[PDB]
Amino acid sequence: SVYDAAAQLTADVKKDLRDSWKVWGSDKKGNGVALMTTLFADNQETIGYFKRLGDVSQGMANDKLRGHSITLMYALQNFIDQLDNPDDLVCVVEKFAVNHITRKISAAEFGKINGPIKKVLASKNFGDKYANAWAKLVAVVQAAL
Amino acid sequence: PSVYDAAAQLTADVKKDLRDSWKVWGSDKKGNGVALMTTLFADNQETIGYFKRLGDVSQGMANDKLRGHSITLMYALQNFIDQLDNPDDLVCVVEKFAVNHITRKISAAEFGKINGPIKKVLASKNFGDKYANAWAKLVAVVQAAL
Ligand code: HEM
Ligand code: HEM
């Protein structure tokens with residue numbers, strides 16, 4: 001249930017998401033690409049899905065990857081901005097869920113992003129507490145896949 | 001001309017006008033995004049068919065898929081606004097969204113149909129022709145990629 005999953009985003013969780021986003025979302029290009037490179041580096045079996053972007057190993061030097069990465073951070077920005085209204089959060093989550101269903105990405109594989117998120121956040125001094133919060137948000141998308 | 005040529009041609013004045021108008025128009029993404037789409041469908045009814053995935057686009061705010069689409073479109077514009085000072089960054093995100101439309105057979109001319117609606121929504125907030133023209137220049141950067 002995408003709606004029950006959305007209900008998991010309590011006041012304490014929303015705060016942790018906002019607090020960490022103040023830092024993580026401040027450098028969308030830089031952090032977006034780092035998130036993607038981490039995903040590819042630690043989950044090589046997901047690289048094939050990103051064929052359109054060309055050679056993702058080039059990281060920041062890859063223009064299509066950079067564009068994809070920046071845009072991904074705006075999807076998260078979108079989510080953050082919908083935390084006040086469950087209905088709006090759900091409709092945008094569904095929109096992106098469709099994008100991933102077309103790419104044949106399951107709830108389980110979408111969840112492979114949690115490891116990379118925990119890692120990049122940890123590098124910015126935002127521990128398991130924050131990783132767990134972001135996992136709850138990722139779980140809303142998972143519920144829609 | 002290239003997309004970069006269209007992106008690097010955006011002047012300090014055009015960026016100023018884009019930013020000033022976006023501060024207001026982009027502040028309520030849900031409300032103004034849906035208004036933008038509704039306006040496109042009111043004046044360019046021939047484009048309705050392309051949006052069949054969203055369901056009944058005349059349902060406005062009630063239509064959650066239209067709302068989801070509209071809010072996200074406004075974040076695409078947000079993205080654009082945030083990349084104005086770095087042509088390299090603007091071009092790569094413009095190209096990304098260009099692909100989203102190329103795959104749906106949306107031509108440069110068809111994409112440019114969004115200018116009429118933008119001019120009206122901006123006008124409703126008292127941002128006149130100068131601002132409509134500025135936004136037309138940004139839309140043209142995407143057209144350079146279509
Ligand atoms: C925080 C988690 C994630 C977010 C918010 C996210 C967001 C996005 C966005 C905004 C797009 C562009 C959609 C489009 O224009 O069609 C996208 C594309 C894509 N995503 Fe994700 N995504 C996430 C995680 C993942 C993961 C873990 C996978 C794979 C296991 C995945 C696979 C894809 C693929 C293959 C594309 C298409 C790329 C292309 O060919 O342009 N995503 N994602
Ligand atoms: C300010 C100008 C516009 C921007 C920023 C923009 C942005 C977007 C975005 C972000 C998407 C989602 C892409 C995806 O996830 O696959 C989208 C989808 C789409 N756009 Fe646009 N767009 C603009 C104008 C137009 C115009 C004028 C047309 C039609 C003549 C058009 C036709 C489409 C179609 C058919 C879709 C697919 C909708 C769906 O089935 O989900 N767009 N657009």
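Throughout, a chain's letter reflects where its sequence line sits, starting with A, and its residues are numbered from 1. Both counts, for ligands and for their atoms, begin at 1 and track the order of listing.
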Protein contact of atom 11 (C) of ligand 1 - nearest heavy atom, named by residue and atom, plus distance: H68(A) CE1, 4.2 Å
Does an N or O from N100(B), backbone or side chain, lie closer than 3.5 Å to an N or O of ligand 1? yes
What protein heavy atom sits nearest atom 41 (O) of ligand 2, and how far away is it? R53(B) NE, 2.8 Å
Closest protein heavy atom to atom 7 (C) of ligand 2, given as residue, atom name and distance to 0.1 Å: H101(B) CE1, 3.6 Å
Do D84(A) and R18(A) sit within salt-bridge range, that is, some charged N less than 4.0 Å from a carboxylate O? yes
Looking only at heavy atoms, is any part of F96(A) under 4.0 Å from ligand 1, and if so is it the side chain, the backbone, or both, or is it neither? side chain
Region of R104(B) engaging ligand 2 - heavy atom pairs below 4.0 Å: side chain
Residue, atom name and distance, where the atom is the protein heavy atom closest to atom 3 (C) of ligand 2: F111(B) CZ, 3.5 Å
If you measure from NZ on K15(A) to OG on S20(A), what distance do you get to the nearest 0.5 Å? 10.0 Å
Of all the non-hydrogen atoms in the protein, which one sits nearest to atom 32 (C) of ligand 2, and at what distance? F51(B) CZ, 3.4 Å
Counting both backbone and side chain atoms, is some N or O of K96(B) under 3.5 Å from an N or O of ligand 1? yes
With a cut-off of 4.0 Å, which atoms of ligand 1 are near a heavy atom of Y49(A)? 35 (C)
Please state whether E109(A) comes within less than 4.0 angstrom of ligand 1, counting heavy atoms only. yes
Which is closest to atom 5 (C) of ligand 2 in terms of heavy atoms, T103(B), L77(B), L54(B), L36(B)? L77(B)
Taking a cutoff of less than 4.0 Å between a non-hydrogen atom of the residue and any ligand atom, is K52(B) in contact with ligand 2? no
